[PDB]
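Here is the structure we will look at, set down as structure tokens.
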Amino acid sequence: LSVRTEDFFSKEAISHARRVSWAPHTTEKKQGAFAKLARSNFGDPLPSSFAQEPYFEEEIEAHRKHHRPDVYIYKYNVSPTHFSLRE
Amino acid sequence: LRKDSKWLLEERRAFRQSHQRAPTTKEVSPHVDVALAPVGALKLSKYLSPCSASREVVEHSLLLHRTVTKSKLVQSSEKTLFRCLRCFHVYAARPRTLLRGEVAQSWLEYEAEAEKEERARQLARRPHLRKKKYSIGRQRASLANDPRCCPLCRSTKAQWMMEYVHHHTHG
Amino acid sequence: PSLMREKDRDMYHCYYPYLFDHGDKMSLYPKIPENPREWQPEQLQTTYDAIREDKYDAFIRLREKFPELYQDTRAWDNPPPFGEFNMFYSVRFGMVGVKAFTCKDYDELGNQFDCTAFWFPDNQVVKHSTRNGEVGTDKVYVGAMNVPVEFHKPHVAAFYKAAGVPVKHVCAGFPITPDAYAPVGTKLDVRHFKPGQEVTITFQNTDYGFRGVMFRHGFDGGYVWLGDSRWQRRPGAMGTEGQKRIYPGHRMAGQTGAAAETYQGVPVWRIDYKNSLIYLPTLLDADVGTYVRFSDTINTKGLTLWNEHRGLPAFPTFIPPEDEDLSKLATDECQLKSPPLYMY
Amino acid sequence: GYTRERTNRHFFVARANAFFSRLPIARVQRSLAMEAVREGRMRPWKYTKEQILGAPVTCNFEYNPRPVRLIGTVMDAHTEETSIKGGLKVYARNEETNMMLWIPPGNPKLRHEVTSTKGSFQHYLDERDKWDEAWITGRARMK
Amino acid sequence: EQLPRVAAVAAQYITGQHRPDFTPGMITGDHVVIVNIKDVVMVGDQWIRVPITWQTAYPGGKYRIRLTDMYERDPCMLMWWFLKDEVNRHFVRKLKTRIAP
Amino acid sequence: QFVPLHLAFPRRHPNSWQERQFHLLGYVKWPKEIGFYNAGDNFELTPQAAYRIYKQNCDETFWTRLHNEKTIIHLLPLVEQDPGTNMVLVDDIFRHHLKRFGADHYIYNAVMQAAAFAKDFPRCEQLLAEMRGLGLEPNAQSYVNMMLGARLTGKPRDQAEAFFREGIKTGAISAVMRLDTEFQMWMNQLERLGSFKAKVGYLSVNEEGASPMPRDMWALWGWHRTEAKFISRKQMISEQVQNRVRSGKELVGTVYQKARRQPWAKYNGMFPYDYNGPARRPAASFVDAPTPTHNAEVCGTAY
Amino acid sequence: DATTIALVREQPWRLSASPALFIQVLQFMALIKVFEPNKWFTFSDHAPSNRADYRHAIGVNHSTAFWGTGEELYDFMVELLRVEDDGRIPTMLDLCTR
Amino acid sequence: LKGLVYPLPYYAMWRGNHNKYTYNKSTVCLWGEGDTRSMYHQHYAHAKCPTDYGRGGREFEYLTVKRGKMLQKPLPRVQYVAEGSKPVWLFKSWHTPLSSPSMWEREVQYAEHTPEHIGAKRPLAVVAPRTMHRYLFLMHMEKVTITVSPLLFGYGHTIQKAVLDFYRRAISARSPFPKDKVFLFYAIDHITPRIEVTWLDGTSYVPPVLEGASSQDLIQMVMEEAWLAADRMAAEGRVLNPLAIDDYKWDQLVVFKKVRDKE
Amino acid sequence: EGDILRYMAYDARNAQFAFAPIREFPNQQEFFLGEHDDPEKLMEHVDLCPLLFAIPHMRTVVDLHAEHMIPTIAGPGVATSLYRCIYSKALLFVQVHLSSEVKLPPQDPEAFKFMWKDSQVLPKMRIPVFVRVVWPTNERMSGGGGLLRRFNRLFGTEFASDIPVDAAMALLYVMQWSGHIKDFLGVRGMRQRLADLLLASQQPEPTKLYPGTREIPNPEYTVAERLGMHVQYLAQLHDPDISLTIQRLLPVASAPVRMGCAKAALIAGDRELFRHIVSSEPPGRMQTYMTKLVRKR
Amino acid sequence: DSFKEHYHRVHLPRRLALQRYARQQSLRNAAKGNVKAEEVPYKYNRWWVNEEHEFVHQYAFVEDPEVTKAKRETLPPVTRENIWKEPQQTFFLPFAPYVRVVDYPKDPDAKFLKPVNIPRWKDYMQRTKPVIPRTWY
RNA sequence: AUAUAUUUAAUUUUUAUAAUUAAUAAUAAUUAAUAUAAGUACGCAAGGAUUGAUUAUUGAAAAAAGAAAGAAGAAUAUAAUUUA
Ligand SMILES: [Mg+2]
Ligand SMILES: [Zn+2]
């Protein structure tokens, strides 16, 4: 088959949970913006591995993670977005 | 001349144990640098009469370089023109397997005894493995791939055609 | 390939929006326990998460708005339906040929190829067979060289009667995937193969009878030795093992040839679909008249054989058009030559 | 432990030498030869061994930059009619260099033309004696 | 329940030793159906340290696998091996008496 | 790499080790009438036993407003089932609370939720008015109790919107979306909750584990094996004292601590007890217990 | 096998419709011992055969071992006879005679 | 690989070179793989579906073939959205600096997600930037009043030290003139030291001070609330002076050079 | 049909460069459409033009963040796109240049990253856009030179007498839609802009956020950098005596201007002036980079 | 008879009996008069990013008994003329050819004047697999 | 520098049909140099990069059911090349 520029130029493989947006303007690397501002190419290899046992706890909205009210029902904390066991 | 695949890995292995360091692409020299006889020397002994006293000192200089060229040639495994001297037939052969019996190098003898054991280890583990690997169709194909003897006269004596044509067109 | 531990299949490693099962309808949140007592003390039952909601919503919006930019991301849903040819799952049955003769050809660059021509007299899909109906355990038997009834043995003529297919001389089975079936009695035209195609062939080489250990293994038969016994590398102590018996696999004199030999990955040279002939640049060892079997090579050099860059196969099997008549068509018109290739 | 070298499988042991009759194999050979002729890789020839034996021939091997030309004497023709088999035995001498080639017909990068179907057995014998003397001299200088 | 203990308990009912009329010649017993072998438990470090070795006809063919390897291959193989051991503890002379149970 | 350092499956502890570790940690098998381990292996106290321990320890120095709140919490389902007799117990609890500690947001919100379950919206309104008169401004919990009582009694959507808007105006409830969507979210939460009689809500599910001892004693609540769901009483008291001495570090969750919590570098080695089983320790004997007079009768469910 | 394919896969109602064919094929499948294919290959009862139940990976007893002859048909018939317990009214047993 | 071989290259190379033992379903496995779905784990209970657990170890499946008709389940539907409500779109790009709140702001934003009681024209941000806030940034902050009690310290050694060091860092914070925005008040008879923060809008926030809370903890709390308040201002329409290179940034690069020369 | 046409317009981007007809028509003229930070906006403006076909011959999306398209002191390349007019069938070759900048990268990038890590404001970039209109000899298609000269005297710009009116109006429409009609100019306007920049350089300059240093440079463009960039733009516009202009302005130029002069000489294609500049400039990082620019032995 | 040989010889009929018992549950549905093929849940989570930040794609393929019967009974359609005429390519063209020459730059040795659309040597060497989004060749 | 036992290499003669099970990781430690990678980072200069694809050895591996005293050729390679 004929050549393809998409096959020519590679693309970064970042997981969806870590993507800031699915826009084609941000589907590239994050270091690219700083390299463009600094007018220099960067070739830092293997910047970071995840872990030998990667674990992350659940994260919630910016306002919710600090303005959560202490609303409780019979035995369960009840927020407008989450449930949990209470004692 | 690109070196053999198995022989190259043998130099990478022996270099790591000797220098305690990863091999350098400029030191291992995966391309054999073979040197031809100087153009002046072939025409030197040509116009020199046999009665000339200076012919022996330049003839001995060529006989030594004629053997050194063999020593560098055996380290290659790429297809190369090799003619025999018995029936004078020109054919394409690999220099390592063809010039193995003439060069008489112990490391080339020890690798031959090492590869025979390596084949016995695979064949003794699985007897049926010999059926597919070593067959008359496979054996005849490998002999044509490594022509250790002329297909016409069946003689092991051979010569580098490149050195021969270099000697003829100058002499 | 790339190692991927199953424990690394969490939503923080998924490339697309991770969708939980959640019964009948896929959801973006783990299934909240219906019994409230099953709630673990630190388990945070999530019903609505604005982060995941916004990410999934933007993803769906972009996918539905820009199909050209997000065409490759469409494989996340609406997968290719079953029945169409697949690049990594669809394997088709081969054919049964007869080694006809040998000749020599030349390519345009100047290389000479000593080729052999095989003949495919009458390839017909005879039978289908699966064992107890498991996965990938189904195969198609193809028969060849139609014969009269007085030729075959009674117990094989009985099978051909039971099948109803015209009685064939030989019948070889090819293991295939269920989406590559062909109805019983389907004629297989030689154009089923392509000229620029790699094929794996299986045959029986010629018989030499009982031959000496020298003639069998060449120079290898003269020296046969293997010692797994322990030996002292340094003179510090004394200890070794005696090689009592002879290890199995010892190279000796015996039967030579008359075995099932298989060549893997030989390219086709030319195809004649009027006399049903295929040319291969590899000289075989078998005699003339040995029923060889041709099958498709799976992959070479980590690259699948059937892909868009090289070409699409005649899946499931090549069927000629109606208005084509091989009788009216001449022999020179029925010639397909492979593109040039150099091997030196 | 144990392995088997022979296979009595029916599909492997069955043969088709009886059914080879319905295949026009000689017609396939002639069709291949005619295709080669029409493409121009070879040119049809109808001579006998004694007629062609001893006739001068010129062969040009195409090669960038300069195709190599060689004028020799036909020593042996393997086939009397055109076919995919073919075969010609030429003998050519340069300045202090003899060579005996086996030219196969049908090679596109090789154009060999015999200057005349007629041949002189006297010149054939002369070339044969020259070649044998050269071969004997080479062997004697080798050994 | 641990592997050796459950194997001994199963073999005592397989070989028919729990019957008061048990005779060494007459091989009679009860059919024991073992369930949830995938959830069998051995104490720590044993799944890694306990070796299972055997010999094949080829030279140097001393196969040595871990309990973890045999479990990831087939969990029933471990129970069958321990049953074979518990049976051969008493019946190893006769192929009948060591295979039939 | 392929050789695993740790192994979550297969298990590394037989059945007897469950009982051994249960008796080692210091826990006691209480009868079903007192409490039991539910389906989530959490310890659950019967409302009857809760009221009994309330009646017995309401006078001791360690009793607290939070203990009264938890007692009312445990009585809540019994109050929902029978609002006639259990409201008397709730009123007794409130009387003792007024005697000892007095007016408090905790006790007022608890009795408001109790009335909401007992289907007394006039009583809920009276309690809210009493809070406002005493000067305890209605909290987010109070407004959610208002909404729950409205939804349970059958008060309309606008009647509940009145209380939600009042909470928004007061500022006890912080909203980050439109008021309509926020009220929709709160109503969907309360609808998924349901009541102990409405067959749709979670509270309708009355299935219980009914086991005096949890099935898996080595059950993990967090990430590593050191974060066990069941621990010894010494370590539990350590956690209790740390919860009060270091209550400041609980406010912030920083990525430093998040990535430090990953147990990929923590040691996982087999201790001597991992081979010898949990250390044998005596169980709490109950020889002094009177003989069961109703041993033949079958005990009923909690609520 | 053809009868199984015809009465199970492509026409699953003929047996439930006609009880006579059900009993006839059942008595035929009982008359020909199908569930013990070793008696197909044994020649003397003193030494029973294992041509069907035995198989080794070296290549012995490949086409003849583990033949699914009437297993699917027998399963369909027993399932038809158990349909009554889930249907609460016997269709086949009401159509057939004592 | 015997039997049926699929065209997929190297699909069974991690399992060895054999297609044997495929009927098995329970293998050795770590957390998150195999039969651990019955067991409970905090991370995996929310990061994996209990039906998504497959083979563990080298037996990880790169090619799975099953029989039966495929039941493609429908995709999840976005909840809390009005039917026919046309949302505003926000085009994100690397040209906009990542530190700007518009990057973390919602991309697909409806009108039903916009708070009207606050007075904003757009919905608020959802994800907050993660940063170990070591210093204060009083640019988006109007003033701060730290009321502390100097009477006795044997009662609040931890609390008094924390509040005093927080005041010190607030004085040394990143600001053109933080001495004009920071205020300290001695209360001779006070219950517990308080910190009132008033933003440009005038909203009053109180970071709770408890035992064990450090000055860095208070700084992180105040800076997180400051970012939230700045998002609120930008959503309401108030313009804010953006962060740029300042003399405080140079004084910080001083110690940056110091530590990079150290190690 | 709509999806097929849209994917054809998309594959117009995937088309290669060699087989794209560039030098198909004899006459050609270049124009400078201004400087933009994100040239993709101007590219979208050009794409959505009624006087051009929606299916180009060769399209290349410009992304300043991909490692192969980051503007470096040593130019990574020039993005090229091609469009075809509808009614006159004239070619438009849009060039997005990235080698115009003359700034040198910082010595310690970690310090620069620490400085511009938390900054909530990023300075604009000056990235040029050029357009080469290509057309065959037309006598009546252009409508005579009088109409084009009237258009020139009306809109202050300059055009060829044989240029297609369709392409001219398409260019004017794109520029007026993008709002950079003031920045749009030819060689006549580029000379005036260069004179204005020379006057600005003679005048004192105001202070920026922070003075640029060898360790930490200032991404904000200086008057000298703008002068060098505009010299490069004039060279791209192929001024007839650009060599003479560079030879005249060499002595009064700084190093940021001399770097642009060297790049302009390399664009022009004469080796003598480039060697003279690289030999006359004192040894420095700028000299090493300008030697690294061109391939040598 | 080795240990594994005896184990398999005694377990293989039991494995077949277990598979028969499993298919009996499927036959339960067709017995009640409602012939329903087995349904499998389609998994949308098959595109992952590994620890080393590279793309992995799992392949899950299902078999339809109705489609199998259709392919058994009905003959396949006519093969395409171009498909059977155009021969298959012998050499696999690289993902990114390095042309080394472009006519656009005036001075070809000028490394900064070459257009960006031409792939680089690094891509020519490293790009041997398809891109992250596109899975097939 | 004696015909033996164990162990090996084969064979038990068309069997229509391979191997879900003994070869318990791997036929090279899933390679791998090489022109082109680069007259290029790094080096005052001299000189000198990491690196993986087309050129190679890379498919790793056992074909066990039918009626048996000619030569398994009616023999000069045709399953009768006309045949009295
Ligand atoms: Mg036989
Ligand atoms: Zn010879």
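Labels for the structure tokens follow display order: chains A, B, ..., residues from 1 in each chain, ligands from 1.
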Quiz item: Counting only C-alpha atoms (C1' of nucleotides), what is within 9 Å of residue H:66, bar same-chain residues fewer than 5 positions away, as number ranges by chain?
Solution: C: 135; J: 40, 60-63
Write out the residues from the selection above, keeping N, CA, C and O atoms, as a PDB file, in the first residue's frame.
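Writing done, so here's result.pdb:
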ATOM      1  N   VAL C 135     -13.270 -25.385  20.426  1.00  0.00           N
ATOM      2  CA  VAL C 135     -12.778 -24.209  19.717  1.00  0.00           C
ATOM      3  C   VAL C 135     -11.509 -24.574  18.961  1.00  0.00           C
ATOM      4  O   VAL C 135     -10.631 -25.273  19.482  1.00  0.00           O
TER       5      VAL C 135
ATOM      6  N   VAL J  40     -21.964 -13.962  24.649  1.00  0.00           N
ATOM      7  CA  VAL J  40     -20.709 -13.600  25.301  1.00  0.00           C
ATOM      8  C   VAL J  40     -20.659 -12.084  25.457  1.00  0.00           C
ATOM      9  O   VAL J  40     -21.030 -11.351  24.527  1.00  0.00           O
ATOM     10  N   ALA J  60      -9.743 -10.416  20.893  1.00  0.00           N
ATOM     11  CA  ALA J  60     -10.829 -11.294  21.309  1.00  0.00           C
ATOM     12  C   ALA J  60     -11.740 -11.523  20.115  1.00  0.00           C
ATOM     13  O   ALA J  60     -12.297 -10.569  19.562  1.00  0.00           O
ATOM     14  N   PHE J  61     -11.890 -12.782  19.718  1.00  0.00           N
ATOM     15  CA  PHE J  61     -12.680 -13.147  18.553  1.00  0.00           C
ATOM     16  C   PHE J  61     -13.732 -14.170  18.951  1.00  0.00           C
ATOM     17  O   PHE J  61     -13.447 -15.107  19.700  1.00  0.00           O
ATOM     18  N   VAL J  62     -14.946 -13.984  18.445  1.00  0.00           N
ATOM     19  CA  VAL J  62     -16.067 -14.845  18.777  1.00  0.00           C
ATOM     20  C   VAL J  62     -16.503 -15.597  17.526  1.00  0.00           C
ATOM     21  O   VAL J  62     -16.242 -15.185  16.392  1.00  0.00           O
ATOM     22  N   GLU J  63     -17.178 -16.722  17.746  1.00  0.00           N
ATOM     23  CA  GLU J  63     -17.668 -17.576  16.673  1.00  0.00           C
ATOM     24  C   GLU J  63     -19.188 -17.619  16.726  1.00  0.00           C
ATOM     25  O   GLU J  63     -19.768 -17.841  17.794  1.00  0.00           O
TER      26      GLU J  63
END
Quiz item: Hey, what's within 7 Å of stretch 64-66 of chain G if we count only C-alpha atoms (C1' of nucleotides) and toss same-chain stuff fewer than 2 positions away? As a ChimeraX atom specification, please?
Solution: /G:51-55,61-62,68
Quiz item: Given a cut-off of 10 Å, what residues near ligand 2 show up using only C-alpha atoms (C1' of nucleotides) and all ligand atoms, put as a ChimeraX atom specification?
Solution: /B:83-91,149-158
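Considering the residues G:41, G:98, G:59, G:48 and counting only C-alpha atoms, chain D has its shortest atom-to-atom contact with G:59.
All residues, whether protein, DNA or RNA, that have an atom at most 8 Å from ligand 1 (counting only C-alpha atoms (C1' of nucleotides) and all ligand atoms) are residues 13, 14 and 15 of chain K.
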Exercise. Pull out every residue of chain J that has at least one atom within 12 Å of chain A, counting only C-alpha atoms, and report them as number ranges by chain.
Key: J: 45, 47-56, 88-89, 91-98, 116-137
Can you check which parts of chain A lie within 12 Å of chain K? Per residue, the shortest pair of atoms and distance in Å to one decimal, counting only C-alpha atoms (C1' of nucleotides), sorted by chain and number, as CSV.
residue,atom,partner,partner_atom,distance
A:41,CA,K:41,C1',11.9
A:43,CA,K:50,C1',11.2
A:45,CA,K:50,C1',10.9
Would you output that residue set with N, CA, C and O atoms, as a CSV table (one decimal), in the first residue's frame?
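So result.csv came out as:
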chain,number,residue,atom,x,y,z
A,41,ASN,N,15.5,20.9,21.5
A,41,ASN,CA,14.9,19.6,21.5
A,41,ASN,C,15.5,18.8,22.7
A,41,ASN,O,16.6,18.9,23.1
A,43,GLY,N,15.7,14.9,24.6
A,43,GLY,CA,15.7,13.5,24.3
A,43,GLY,C,15.9,12.6,25.5
A,43,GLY,O,16.6,11.6,25.5
A,45,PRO,N,15.4,9.9,27.9
A,45,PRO,CA,14.8,8.5,27.8
A,45,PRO,C,14.4,8.0,29.2
A,45,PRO,O,14.9,8.3,30.2
Quiz item: Hey, what's within 9 Å of stretch 55-62 of chain K if we count only C-alpha atoms (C1' of nucleotides) and toss same-chain stuff fewer than 3 positions away? As an NGL selection string, please?
Solution: (:B and (5-6 or 126-129 or 132)) or (:C and (264-265 or 300-301)) or (:D and (3-4)) or (:G and (58)) or (:H and (17)) or (:K and (19 or 23 or 27-28 or 30-32 or 34-35))
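What separates atom CA of residue I:236 from atom CA of residue I:41 is a distance of 22.2 Å.
DSSP, applied to the backbone of this structure, assigns helix (DSSP H, G or I) to the following residues of stretch 92-133 of chain D: residues 121, 122, 123, 124, 125, 126, 127, 128, 129, 130, 131, 132 and 133 of chain D.
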Any chance you can output those residues with N, CA, C and O atoms as a PDB file, in the first residue's frame?
ATOM      1  N   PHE D 121      34.453 -28.597 -38.927  1.00  0.00           N
ATOM      2  CA  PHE D 121      34.969 -29.573 -37.974  1.00  0.00           C
ATOM      3  C   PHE D 121      36.477 -29.449 -37.806  1.00  0.00           C
ATOM      4  O   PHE D 121      37.011 -29.792 -36.747  1.00  0.00           O
ATOM      5  N   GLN D 122      37.177 -28.945 -38.823  1.00  0.00           N
ATOM      6  CA  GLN D 122      38.614 -28.725 -38.688  1.00  0.00           C
ATOM      7  C   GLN D 122      38.906 -27.655 -37.641  1.00  0.00           C
ATOM      8  O   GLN D 122      39.752 -27.848 -36.758  1.00  0.00           O
ATOM      9  N   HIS D 123      38.213 -26.518 -37.723  1.00  0.00           N
ATOM     10  CA  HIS D 123      38.378 -25.486 -36.705  1.00  0.00           C
ATOM     11  C   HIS D 123      37.907 -25.974 -35.345  1.00  0.00           C
ATOM     12  O   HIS D 123      38.487 -25.600 -34.316  1.00  0.00           O
ATOM     13  N   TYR D 124      36.865 -26.807 -35.314  1.00  0.00           N
ATOM     14  CA  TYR D 124      36.433 -27.395 -34.050  1.00  0.00           C
ATOM     15  C   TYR D 124      37.545 -28.228 -33.427  1.00  0.00           C
ATOM     16  O   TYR D 124      37.809 -28.131 -32.223  1.00  0.00           O
ATOM     17  N   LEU D 125      38.201 -29.065 -34.233  1.00  0.00           N
ATOM     18  CA  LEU D 125      39.297 -29.882 -33.723  1.00  0.00           C
ATOM     19  C   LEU D 125      40.461 -29.015 -33.266  1.00  0.00           C
ATOM     20  O   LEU D 125      41.111 -29.318 -32.258  1.00  0.00           O
ATOM     21  N   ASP D 126      40.747 -27.939 -33.999  1.00  0.00           N
ATOM     22  CA  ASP D 126      41.816 -27.034 -33.589  1.00  0.00           C
ATOM     23  C   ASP D 126      41.518 -26.418 -32.227  1.00  0.00           C
ATOM     24  O   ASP D 126      42.380 -26.393 -31.338  1.00  0.00           O
ATOM     25  N   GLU D 127      40.292 -25.922 -32.043  1.00  0.00           N
ATOM     26  CA  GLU D 127      39.917 -25.333 -30.762  1.00  0.00           C
ATOM     27  C   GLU D 127      39.933 -26.373 -29.649  1.00  0.00           C
ATOM     28  O   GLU D 127      40.346 -26.080 -28.521  1.00  0.00           O
ATOM     29  N   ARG D 128      39.494 -27.597 -29.949  1.00  0.00           N
ATOM     30  CA  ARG D 128      39.490 -28.650 -28.940  1.00  0.00           C
ATOM     31  C   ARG D 128      40.909 -28.995 -28.506  1.00  0.00           C
ATOM     32  O   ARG D 128      41.178 -29.156 -27.309  1.00  0.00           O
ATOM     33  N   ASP D 129      41.831 -29.108 -29.465  1.00  0.00           N
ATOM     34  CA  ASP D 129      43.220 -29.391 -29.122  1.00  0.00           C
ATOM     35  C   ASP D 129      43.836 -28.248 -28.328  1.00  0.00           C
ATOM     36  O   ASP D 129      44.578 -28.482 -27.369  1.00  0.00           O
ATOM     37  N   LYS D 130      43.540 -27.003 -28.711  1.00  0.00           N
ATOM     38  CA  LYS D 130      44.053 -25.861 -27.960  1.00  0.00           C
ATOM     39  C   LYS D 130      43.553 -25.886 -26.520  1.00  0.00           C
ATOM     40  O   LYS D 130      44.326 -25.682 -25.574  1.00  0.00           O
ATOM     41  N   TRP D 131      42.258 -26.152 -26.336  1.00  0.00           N
ATOM     42  CA  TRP D 131      41.690 -26.185 -24.992  1.00  0.00           C
ATOM     43  C   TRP D 131      42.280 -27.320 -24.166  1.00  0.00           C
ATOM     44  O   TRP D 131      42.593 -27.137 -22.984  1.00  0.00           O
ATOM     45  N   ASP D 132      42.437 -28.502 -24.767  1.00  0.00           N
ATOM     46  CA  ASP D 132      43.008 -29.625 -24.031  1.00  0.00           C
ATOM     47  C   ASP D 132      44.459 -29.361 -23.654  1.00  0.00           C
ATOM     48  O   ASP D 132      44.887 -29.697 -22.544  1.00  0.00           O
ATOM     49  N   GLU D 133      45.232 -28.757 -24.560  1.00  0.00           N
ATOM     50  CA  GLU D 133      46.616 -28.428 -24.241  1.00  0.00           C
ATOM     51  C   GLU D 133      46.691 -27.402 -23.119  1.00  0.00           C
ATOM     52  O   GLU D 133      47.525 -27.523 -22.214  1.00  0.00           O
TER      53      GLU D 133
END
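Of the residues in chain B, those given strand (DSSP E) by DSSP on the backbone are residues 80, 81, 82, 83, 84, 90, 91, 92, 93, 158, 159 and 160 of chain B.
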With C-alpha atoms retained, could you export that selection as a short mmCIF file (atom, residue, chain, number, x, y, z; two decimals), in the first residue's frame?
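Now in out27.cif:
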data_model
loop_
_atom_site.label_atom_id
_atom_site.label_comp_id
_atom_site.auth_asym_id
_atom_site.auth_seq_id
_atom_site.Cartn_x
_atom_site.Cartn_y
_atom_site.Cartn_z
CA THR B 80 32.65 -15.24 -2.97
CA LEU B 81 34.09 -16.52 -6.24
CA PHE B 82 36.37 -19.53 -5.68
CA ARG B 83 37.94 -21.50 -8.52
CA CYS B 84 39.50 -24.93 -8.20
CA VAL B 90 34.76 -21.32 -11.10
CA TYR B 91 31.97 -21.39 -8.52
CA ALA B 92 30.61 -19.31 -5.65
CA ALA B 93 31.59 -20.56 -2.20
CA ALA B 158 40.59 -23.94 -4.32
CA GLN B 159 41.78 -20.38 -4.90
CA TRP B 160 40.42 -16.87 -4.36
#
Quiz prompt | Shell of 9 Å around residue A:87, only C-alpha atoms (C1' of nucleotides), local chain residues under 4 positions omitted, as a list in words | solution = residues 75 and 76 of chain A; 41 of chain C
Quick one: contact table of chain K to chain J, 10 Å max, nearest atom pair and distance in Å to one decimal per residue, counting only C-alpha atoms (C1' of nucleotides), chain and number order, as JSON lines?
{"residue": "K:21", "atom": "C1'", "partner": "J:8", "partner_atom": "CA", "distance": 5.8}
{"residue": "K:22", "atom": "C1'", "partner": "J:5", "partner_atom": "CA", "distance": 6.3}
{"residue": "K:36", "atom": "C1'", "partner": "J:121", "partner_atom": "CA", "distance": 8.4}
{"residue": "K:37", "atom": "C1'", "partner": "J:121", "partner_atom": "CA", "distance": 6.9}
{"residue": "K:51", "atom": "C1'", "partner": "J:125", "partner_atom": "CA", "distance": 8.8}
{"residue": "K:52", "atom": "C1'", "partner": "J:126", "partner_atom": "CA", "distance": 6.0}
{"residue": "K:53", "atom": "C1'", "partner": "J:125", "partner_atom": "CA", "distance": 5.8}
{"residue": "K:54", "atom": "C1'", "partner": "J:94", "partner_atom": "CA", "distance": 7.8}
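Near chain I, counting only C-alpha atoms at 8 Å, the chain H residues are residues 94, 95, 96, 97, 98, 99, 100, 242, 243, 244, 245, 249 and 253 of chain H.
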Self-check item: All residues 12 Å or closer to residue J:108, only C-alpha atoms (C1' of nucleotides), same chain fewer than 4 positions away omitted, as a ChimeraX atom specification
Solution: /I:266-267,269,294-296 /J:100-104,112-115
Practice problem: Might you pull out every residue within 10 Å of stretch 336-343 of chain C, with only C-alpha atoms (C1' of nucleotides) counted and same-chain residues fewer than 5 positions away left off, and present them as number ranges by chain? | Solution: C: 107-111, 191, 194-197, 267-273, 278-279; J: 84-91; K: 55
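Ranking H:150, H:107, H:10, H:23 by their shortest atom-to-atom distance to residue J:18, with only C-alpha atoms included, puts H:23 first.
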Using only C-alpha atoms, what table do you get, as JSON lines, when you list each residue of chain E with an atom no more than 8 Å from chain H, its nearest pair of atoms, and their distance in Å rounded to one decimal, rows by chain then rising number?
{"residue": "E:38", "atom": "CA", "partner": "H:26", "partner_atom": "CA", "distance": 6.4}
{"residue": "E:68", "atom": "CA", "partner": "H:28", "partner_atom": "CA", "distance": 6.6}
{"residue": "E:71", "atom": "CA", "partner": "H:27", "partner_atom": "CA", "distance": 6.4}
{"residue": "E:72", "atom": "CA", "partner": "H:27", "partner_atom": "CA", "distance": 4.1}
{"residue": "E:73", "atom": "CA", "partner": "H:21", "partner_atom": "CA", "distance": 6.7}
{"residue": "E:74", "atom": "CA", "partner": "H:24", "partner_atom": "CA", "distance": 6.4}
{"residue": "E:75", "atom": "CA", "partner": "H:26", "partner_atom": "CA", "distance": 7.4}
